[PDB]
Amino acid sequence: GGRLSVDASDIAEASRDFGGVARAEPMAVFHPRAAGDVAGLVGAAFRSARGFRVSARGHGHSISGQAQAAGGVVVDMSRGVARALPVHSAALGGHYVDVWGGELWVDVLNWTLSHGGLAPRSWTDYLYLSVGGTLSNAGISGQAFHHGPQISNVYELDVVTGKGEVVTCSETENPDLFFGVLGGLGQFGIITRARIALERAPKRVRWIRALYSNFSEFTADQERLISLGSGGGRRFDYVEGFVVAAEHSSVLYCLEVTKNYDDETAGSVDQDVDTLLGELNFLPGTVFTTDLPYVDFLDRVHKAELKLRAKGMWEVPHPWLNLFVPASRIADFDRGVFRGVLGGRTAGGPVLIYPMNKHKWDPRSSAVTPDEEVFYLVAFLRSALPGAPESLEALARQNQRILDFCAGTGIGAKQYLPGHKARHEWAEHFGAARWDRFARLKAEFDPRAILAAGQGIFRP
Ligand SMILES: *Cc1cc2c(cc1C)nc1c(=O)[nH]c(=O)nc-1n2C[C@H](O)[C@H](O)[C@H](O)COP(=O)(O)OP(=O)(O)OC[C@H]1O[C@@H](n2cnc3c(N)ncnc32)[C@H](O)[C@@H]1O
Ligand SMILES: NC(=O)c1ccc(OC(F)(F)F)cc1NC(=O)Nc1cc(Cl)cc(Cl)c1CCO
């Protein structure tokens, strides 16, 4: 059913990622038509004497070669086939939609909106990412504080294991494989189908930004906003934040919130926004508001992408670092990182910061979060200058200084999209109990370590 390709443009693309550093080439790219084709290729690799590497490629958004299969086969999961329609279940209480693992979230959104005006409730900031790719990590944006990450909004999967077997899993059947695959860094199988939870989509968004010069007030407000919702009370539907340079304090903190509304709630949206904002301690006269359709809001980062491609600033190295930081240690992070490591005239990109609630993350999954109820995501999304290798080198040293700071002060930070490569680093990342559950799962579902070897956790 599928097609092996040795096309130079296919090899070149499967040999790079958005990071622009890791460049391990495969022998061929496999283009499947269905799940049985993926099972066939993984089956062949499992049975092969050498046991060649097989890695699924979503949209190639990895930072450090996580989707590369050195001298093996990259499965180009992109499709562009008949799509399953959203379904209502009186047992689950709501809707779901079965999607192909290679499907882009942007295409899922458009499909579910055009079929019942439905949409997933937990997003990523950027929608040109595969479903299987985000579900192998977590899938985070401003909704995770309330709905949990995307791995907390999936009912079932079809997984092609490292033994080339197709398995249907969920909380009730084969749960070990289901929870293992979720946040599992592609280690135990290839997601060929995911059953995404859906809600009735809002039609419009009231998008707000408010400035702060005091980090204690900014963090205190973010932490209060993510605690709202008891008895279905008033709350924002999205809570993010970012660190801004001065051009009271030389560092400004931008709080970013949204209030989702439809035809029925259009009347109460203005009062709801003013009531929630009134309780906050942002700088007076720093409120910036936008009103736009839901799709336009969710697609905001693709618009930033278009501006970058127009300036030759998209195909540049992206040494992006993502950290989860316990809330008990976040104040020290401002002093030491935002003002310290990144202080002064440092040479491009956002630094996002916002808290989340650990209780929205299922502890049975493979995802690694700090051992604290409230933790922040700190996303250093700084890009290197075009055709300037030294720019990448300086950003890499800065990232290592951030990591050294956390280790040196005992901040129990955890890396999201972990870029570790040594066994002792992975053991520390997971901790003893989680490492044991991880390795046991690998022994059962990928004993030959065929899958996602670019993650550099296990070796054949
Ligand atoms: C490039 C980028 C990434 C990004 C983002 C914005 C940009 C410009 N915004 C994000 C956001 O707001 N929130 C978030 O949580 N992540 C965000 N990212 C990162 C993104 O989630 C990751 O890059 C992730 O890997 C998904 O990207 P993609 O779909 O392109 O997947 P990949 O890089 O090729 O693969 C990643 C790993 O998973 C394995 N893999 C891929 N597909 C599958 C399937 N179907 N099943 C199982 N494993 C799979 C790869 O082999 C690799 O190990
Ligand atoms: N403000 C924005 O949201 C954003 C803007 C520009 C952009 O850069 C561009 F090059 F794509 F234009 C990317 C943005 N956001 C983004 O990529 N976020 C992101 C990435 C990873 Cl790798 C990991 C996690 Cl957790 C997150 C989510 C953080 O909230």
Side-chain angles (χ1 to χ4, degrees), residues 13-14 17-20 22 32 35 38 53-69 74-78 99-105 122-144 149-151 157-161 181-194 238-242 254 256 298 300-309 313-314 316 318-324 348-354 356 367 376-383 415-418 451-457:
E13 197 59 33
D17 57 30
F18 182 84
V38 177
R53 292 169 182 212
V54 179
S55 299
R57 178 189 175 271
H59 206 225
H61 265 267
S62 281
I63 294 305
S64 63
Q66 291 99 322
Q68 292 165 14
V74 167
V75 182
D76 183 340
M77 290 299 277
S78 80
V99 311
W100 169 246
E103 206 66 32
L104 300 181
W105 286 98
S122 186
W123 297 96
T124 53
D125 286 350
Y126 180 73
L127 308 189
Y128 289 74
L129 299 174
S130 73
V131 164
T134 71
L135 296 180
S136 294
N137 288 285
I140 312 165
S141 180
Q143 305 81 25
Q150 297 179 322
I151 62 181
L157 305 168
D158 281 345
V159 174
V160 167
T161 77
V181 165
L182 297 173
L185 310 171
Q187 291 312 288
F188 318 116
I190 297 179
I191 303 163
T192 57
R193 174 176 66 93
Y238 171 115
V239 183
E240 289 195 13
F242 54 94
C254 183
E256 184 187 60
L298 301 175
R300 74 207 175 284
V301 175
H302 178 68
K303 293 174 227 298
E305 163 187 4
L306 285 164
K307 295 184 182 189
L308 291 162
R309 292 189 178 262
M313 303 205 96
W314 176 261
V316 293
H318 296 105
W320 291 2
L321 172 62
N322 295 286
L323 293 175
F324 294 143
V351 173
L352 307 199
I353 174 161
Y354 53 96
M356 278 167 264
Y376 282 72
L377 159 70
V378 194
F380 299 93
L381 308 186
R382 291 148 90 247
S383 312
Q415 208 188 334
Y416 173 59
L417 317 172
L451 302 172
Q455 292 269 2
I457 310 166

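In what follows, residues are counted from 1 in the order of the sequence shown. Ligands are counted one by one from 1 in listed order, and the atoms in each one are counted from 1 as well. Only this structure's heavy atoms are used, side chains among them; waters, hydrogens and symmetry mates stay out.
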Within-shell test, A138 vs ligand 1, heavy atom, strictly < 4.0 Å:
no
Per-atom filter on ligand 1: closer than 4.0 angstrom to a heavy atom of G186 are 48 (N)
Note: ligand 1 atoms sitting under 4.0 Å from heavy atoms of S62 are 23 (O), 32 (P), 33 (O), 35 (O), 36 (C)
Closest non-hydrogen contact found for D17 with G19 is OD1-N, 3.0 Å
Note: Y126, heavy atoms under 4.0 Å from ligand 1, region reported as both
Taken to the nearest 0.5 Å, the spacing of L323 CG from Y376 OH works out to 14.5 Å
Filtering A56, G189, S136, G19 for the heavy atom nearest atom 41 (C) of ligand 1 leaves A56
The closest protein heavy-atom partner of atom 22 (C) of ligand 1 is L417 CD2, 4.1 Å
If we number the atoms of ligand 1 from 1 as shown, the ones under 4.0 Å from a heavy atom of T134 are 21 (O), 26 (C)
When distances are taken from atom 7 (C) of ligand 1, the protein heavy atom at minimum range is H61 ND1, 3.3 Å
So for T124 against ligand 2, with non-hydrogen atoms under 4.0 Å, the contacting part is neither
Exercise. Measuring from the heavy atoms of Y416, does anything fall under 4.0 Å of ligand 1?
Worked result: yes
- Item | Check: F18 ring centroid to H59 ring centroid under 6.0 Å | no
Aromatic ring proximity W105/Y128, centre distance under 6.0 Å: no
query: Hey, does the side chain of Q187 reach the backbone of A452 with a donor-acceptor pair shorter than 3.5 angstrom?
result: yes
Taking only non-hydrogen atoms of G139, do any sit less than 4.0 angstrom from ligand 1?
yes
Under 4.5 Å between any side-chain heavy atoms of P418 and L185, yes or no? yes
Quiz item: Does any non-hydrogen side-chain atom of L129 lie less than 4.5 Å from one of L104?
Solution: no
Going by the 4.0 angstrom heavy-atom rule, the piece of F242 near ligand 2 is neither
Q: Assign the ring pair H318 / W320 to parallel, tilted or perpendicular, where the plane angle (0 to 90°) is split at 30° and 60°.
A: perpendicular
Counting heavy atoms under 4.0 Å, the part of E305 that contacts ligand 1 is neither
Rounded to the nearest 0.5 angstrom, the OG-CD1 distance for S122 and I140 is 9.0 Å
Candidates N322, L129, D125, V316; heavy atom nearest atom 24 (C) of ligand 2 found on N322
For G60, the ligand 1 atoms with a heavy-atom partner under 4.0 Å come out as 30 (O), 34 (O)
### Query
Mind checking whether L417 has a heavy atom under 4.0 Å from ligand 2?
yes
Nearest non-hydrogen protein atom to atom 26 (C) of ligand 1, with distance, is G133 C, 3.5 Å
- Message: So for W314, does at least one of its heavy atoms come nearer than 4.0 angstrom to any atom of ligand 2?
- Response: yes
With a 4.0 Å cut-off on heavy atoms, is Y126 in contact with ligand 2? no
Is a donor from one side chain sitting under 3.5 angstrom from an acceptor on the other, for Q150 and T134?
yes
Nearest heavy atom to atom 30 (O) of ligand 1, choosing from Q455, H59, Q68, belongs to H59
* **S141-ligand 2 polar pair, N/O distance under 3.5 Å** => no
If you scan protein heavy atoms around atom 9 (C) of ligand 2, the nearest is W320 CH2, 3.9 Å
For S64 and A22 the tightest heavy-atom approach is C-CB, 3.7 Å
Check your understanding: With distance as the sole criterion, is a donor-acceptor pair present between the side chains of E103 and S130 under 3.5 Å?
Key -> no
Checking heavy atoms under 4.0 Å, the part of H318 that sits near ligand 2 is neither
ask   = Have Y126 and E305 got a donor and an acceptor in their side chains that come within less than 3.5 Å?
value = yes
When distances are taken from atom 18 (N) of ligand 1, the protein heavy atom at minimum range is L129 CD1, 3.6 Å
Logged contact type for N137 with ligand 1, heavy-atom cut-off 4.0 Å, is side chain
- Task: Answer yes if the side chains of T192 and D158 hold a donor-acceptor pair under 3.5 Å, and no otherwise.
- Result: no
